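Trainee: Chains as they are written, first to last, in the working numbering: chain A, 1 to 52; chain B, 53 to 156; chain C, 157 to 208; chain D, 209 to 729; chain E, 730 to 781; chain F, 782 to 885; chain G, 886 to 937; chain H, 938 to 989.
Every residue gets a Cβ at the ideal spot worked out from N, C-alpha and C, and that includes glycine.
Dumping the structure here so I can ask a few things about it.
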Amino acid sequence: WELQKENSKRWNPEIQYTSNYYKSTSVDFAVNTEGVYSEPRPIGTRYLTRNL
Amino acid sequence: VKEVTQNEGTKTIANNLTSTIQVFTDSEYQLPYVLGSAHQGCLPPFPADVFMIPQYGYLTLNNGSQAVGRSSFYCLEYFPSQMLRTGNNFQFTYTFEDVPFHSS
Amino acid sequence: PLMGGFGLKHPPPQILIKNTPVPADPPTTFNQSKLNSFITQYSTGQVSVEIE
Amino acid sequence: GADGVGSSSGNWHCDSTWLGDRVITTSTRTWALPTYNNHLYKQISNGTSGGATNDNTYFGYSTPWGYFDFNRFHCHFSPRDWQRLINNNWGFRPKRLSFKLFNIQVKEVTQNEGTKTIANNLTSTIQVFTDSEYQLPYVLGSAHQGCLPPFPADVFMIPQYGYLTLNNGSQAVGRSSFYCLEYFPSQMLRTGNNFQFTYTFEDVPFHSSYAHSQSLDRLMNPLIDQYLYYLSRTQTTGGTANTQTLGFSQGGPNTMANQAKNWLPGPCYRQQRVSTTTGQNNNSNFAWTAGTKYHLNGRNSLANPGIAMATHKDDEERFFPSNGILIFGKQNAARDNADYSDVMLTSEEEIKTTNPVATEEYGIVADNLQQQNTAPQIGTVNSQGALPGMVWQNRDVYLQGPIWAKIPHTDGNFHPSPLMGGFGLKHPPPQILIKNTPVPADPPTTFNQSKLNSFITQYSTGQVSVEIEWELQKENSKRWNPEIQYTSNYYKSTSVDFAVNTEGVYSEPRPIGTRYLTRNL
Amino acid sequence: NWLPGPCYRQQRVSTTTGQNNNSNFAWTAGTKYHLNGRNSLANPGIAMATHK
Amino acid sequence: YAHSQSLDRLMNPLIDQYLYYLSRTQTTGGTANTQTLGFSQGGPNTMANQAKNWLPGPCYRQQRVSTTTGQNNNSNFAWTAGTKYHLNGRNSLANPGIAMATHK
Amino acid sequence: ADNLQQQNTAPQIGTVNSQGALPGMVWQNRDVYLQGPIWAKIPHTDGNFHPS
Amino acid sequence: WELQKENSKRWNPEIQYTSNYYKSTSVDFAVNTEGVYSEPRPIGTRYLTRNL
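Next comes the structure, spelled out in structure tokens:
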């Protein structure tokens, strides 16, 4: 996969995609009790910001 | 560069030599591009005129009068910019991309 | 462009300019707060533009 | 070209750059230097003769000079960059820095009647020098106010330089030392000059930014038993008459607390716990009495903050040690007696793995010696020194936090990691000094020997630019699931974080820790 | 000119049953260290003389 | 050589720190006082509250003895009260012991 | 501090007469004297700490 | 300034010029409260000893 790097002068912190900090019964994107892999949520591709 | 004061009800003006001004151009288009809305304040047609330079500003994503997370903020002093005193000049060149001849 | 003109991928770069803020007399005793006082100031000059 | 009043000395540089593992961030600010102490070195002291308590007695001098302090991060990093850095990088260290000083102006101001006026004085000069040989009392490292402002548009006043020396009471002893700054070679600049120098950092270990995905004690295999045994039973059971006996078992999944272990937690020096909930705390003022303190030279001292420790254990976040944690005030917080809502508290929770909780004991040992006659007893160690096989984590660094501190020059030290966090150095960046050149008033016609006390009121401003090249340590990890990251809030707000308010007062809504990515013990 | 190594005390237990206290003290009297709100026995602990 | 400074006084006497410490656990000036939280910056007035980057060396206490006879306790405590360390079921006086200040 | 404070409980303090080495300590060796011994042989051991 | 170094076999300790050890209200040869520099005493040039 070829990439296009981000070059931006925006001052404030960006929005990012992170995992939840708070505790859980099981980890996201990890096997359950029985080893059935599952994805708790879909993931969009758009986070960083540009300028029209 | 000229520094002006108000003393009592009178004004006076004098040349301040050492003072400087800042100039830069964004070649990489890294700023909100405010031109293209045909705002007032272009260079006056009749050359003998002397014009005031407009103030720069920009708008961003709003919800009501409030602003959301993707709202972006800038600091202009965060760019490389050349500093000039009274003994300086500033010049640059540019080229237009190939664009079809405007039909008249 | 609707208003008519030449649309561009890369317009001529917009130019920025500002007077350098020059403080007034600061106090003798130190303070951290940034200096809000300034010499009232403005500047003029010439500008020339060429197009082929 | 030939420099003079016409040309400008140097060009504004505030920029960052990301190259591979290198990141180069340079900044520029506008400074203003007033004249201090009317050009007079003055003795300053305080003692129990006045209202001072015995602990705060000091003796020292206040020089006319002034110095530059960039030691805080938020000088060199926009929040945005400081977002990239902590997300993608395990560790980093500085390499080399550059410094430039240019575009000096000098302005002489007068008071006539009830009015003021200002004009450019061309011929006047200012003095600048840097101590490369560290021959002066090194005042940086205490995180004093007056570093370069984070938001570049600001214009800051340069602090006044001074230092303290051996005191006895408000008085001073024989080893008390005195200095004269004008006694050093220093370069003199007029409006047509610039000043620049370079520096290199000594090899210093990369500051670790990450949390350990494991815990110190749980490194074991959960499935498999150990073959070692421990003493599991001192007494027969199930009988109507029970006697002492010896019995053992293998360490295994069921009971992990009995298994052998290869390492120990870091050292612990206890702190008193304080709740953010007012009602929970004791009703009294215990702060200075109950405060954890250390005693030096017949003089009491609070230990601020103290060594790196866990702030709190699980879900205890409302609890924090007395002086154990750093504090940062919110914008325009009251200087004195500020209420909680105006300050911002750091959290060390990330290190709970390796290091003990600050509010609790290190461990338990036996006080007495058991016998068939005697009942055994236990004891509690609140303060534990260093032992073989300990591992520990340094204290975190913050966007507002100080970058480095000079390691004192001594016979010997142990693990020189500055308490406030940073990079300890044998040879920090040399501190920079600056002063206006005193210009006399009109002297009398008739001769006199007495030095001239009268002067032209004067001050001078200019530009300053600073460059730092930060080396990085890239993150390489096979962890499957998504990481924790540092992000801005998605939900709407009245104003944006880290952006100017209605009146253009820049403010930082929260401090930013350095540790997000995870590694493996 | 020198000092012995560091010491973190342990409770003494006799191989002779009768000599030992009559009780089960093993986990209560056991020398332990506390980490992350979690108690841990120190096994074995740092190197020391077994007995004089 | 001797250090012209002291470990704790390395601070600038003039300038405040920007850190805060917990200065107040209790309301004051009222007829009814309750617990509260309050802070202040470390500054010239109170230096004992300021942040510090280093700690004194290790300490293993000794018993104090006066050169003035009358001041000392009347007894022979030398070997009993003497600071000692225990090795291999054998008692040992620690002579002299690690480097420390003799007296304040 | 020896104990843990509460709205119910009064805090207490404790005194450390003997303190081991901690991170960030600095210290000075003992002085030498015109009559004093010049050197001493470091014992040969698994390991030592600041052999002065 | 050119110097002439001292070469002498005298056994006992020399007389030297030293600052007073005992405490003072202010330091010798340092600025006073008001920044008026002063010299508490003159200093002779002759200390070391030679032999006729």
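1. Compute the Euclidean distance between the alpha carbons of G/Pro908 and D/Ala583, then round it to the nearest angstrom.
2. Does the segment 678 to 697 of chain D touch the segment 661 to 669 of chain D, meaning 3 or more C-beta pairs lie closer than 8 Å?
3. Using a Cβ-Cβ distance cut-off of 7 Å, determine whether H/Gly981 contacts chain D.
4. Taking CB distances under 7 Å as the criterion, tell me whether D/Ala240 reaches chain C.
5. Roughly how many angstroms separate the alpha carbons of H/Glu943 and D/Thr243, rounded to a whole number?
6. Within its chain, find whatever has a CB closer than 7 Å to the CB of D/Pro393; leave out the 5 residues flanking it on each side and keep chain order.
7. Please name the residue or residues paired with D/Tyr266 in a DSSP beta bridge.
8. Is it the case that the segment 328 to 336 of chain D contacts the segment 164 to 174 of chain C, given that we only count it when at least three CB pairs across the two stretches are under 8 Å?
9. Grab the span of the alpha helix (DSSP H) containing F/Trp860 for me, first residue to last.
10. Do B/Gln82 and D/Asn219 have their C-beta atoms within less than 7 Å of each other?
11. Pull out every residue of the segment 818 to 831 of chain F whose Cβ sits closer than 8 Å to any Cβ of chain G, in chain order.
12. Quick check: the Cα distance between A/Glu34 and A/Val27, rounded to an integer number of angstroms?
13. Given a threshold of 16 other Cβ atoms within 10 Å of its Cβ, counted over all protein chains shown, does D/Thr406 qualify as buried or as exposed?
14. Do you know offhand how far D/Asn245's Cα is from E/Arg767's?
15. Hey, is E/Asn765's beta-carbon within less than 7 Å of any beta-carbon in chain G?
16. On a CA-only basis, which of D/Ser350, D/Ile692, D/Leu504, D/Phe622 is nearest A/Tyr22? Give me that one, please.
17. In whole angstroms, give me the CA-to-CA distance for G/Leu889 and E/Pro733.
18. To the nearest angstrom, how far is it from the Cα of F/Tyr782 to the Cα of D/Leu504?
19. Quick check: F/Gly823 and F/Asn834, are their CB atoms within less than 7 Å of each other?
20. Hey, is D/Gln353's beta-carbon within less than 7 Å of any beta-carbon in chain C?
21. When the Cβ atoms of the segment 521 to 530 of chain D are set against those of the segment 839 to 847 of chain F, are three or more pairs found closer than 8 Å?
22. Within a Cβ cutoff of 6 Å, which residues of the same chain sit near D/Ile252, ignoring the five residues on either side of it in sequence?
23. Exposed or buried, what is D/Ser549 when buried is set at 16 or more other beta-carbons lying within 10 Å of its beta-carbon?
24. Going by other Cβ atoms of all chains shown within 10 Å of its Cβ, with 16 needed for buried, is F/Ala875 buried or exposed?
25. Between the segment 593 to 610 of chain D and the segment 483 to 493 of chain D, are three or more C-beta pairs nearer than 8 Å?
26. Pick helix, strand or coil for A/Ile15, following the three-state DSSP scheme.
27. If you measure from the beta carbon of E/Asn730 to each beta carbon in chain G, is any gap under 7 Å?
28. Got a sec: which bits of the segment 670 to 702 of chain D sit with their beta carbon under 8 Å from any beta carbon on chain A, in order along the chain?
29. Using a Cβ-Cβ cut-off of 7 Å, state whether B/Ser117 counts as contacting chain A.
30. Can you name the start and end residues of the alpha helix (DSSP H) that D/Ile664 belongs to?
31. For G/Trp912, return the contacting residues in chain F, with the cut-off set at a CB-CB distance below 8 Å.
32. Taking Cβ to Cβ, would you say A/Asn12 is nearer than 7 Å to D/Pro287?
33. Give the residues of chain A in contact with D/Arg288, contact being defined as C-beta atoms less than 9 Å apart.
34. In the DSSP assignment, what residue or residues form a beta bridge with D/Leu397?
35. I'd like the span of the beta strand (DSSP E) that includes D/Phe307, first residue to last.
36. Would the segment 186 to 195 of chain C and the segment 349 to 369 of chain D be scored as touching if the rule is three or more Cβ pairs under 8 Å?
Mentor: In this structure, then:
1. 37 Å
2. no
3. no
4. yes
5. 47 Å
6. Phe337
7. D/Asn254
8. no
9. 859 to 862
10. no
11. none
12. 13 Å
13. exposed
14. 57 Å
15. no
16. D/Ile692
17. 34 Å
18. 20 Å
19. no
20. yes
21. no
22. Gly268, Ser270
23. exposed
24. exposed
25. no
26. coil
27. yes
28. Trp688, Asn689, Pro690, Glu691, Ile692, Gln693, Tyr694, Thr695, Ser696, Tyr698
29. no
30. Note, D/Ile664: premise wrong, no alpha helix (DSSP H); not H, not E.
31. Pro837, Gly838, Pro839, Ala880
32. yes
33. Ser8, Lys9, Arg10, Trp11, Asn12, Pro13, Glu14
34. D/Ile334
35. 297 to 320
36. yes
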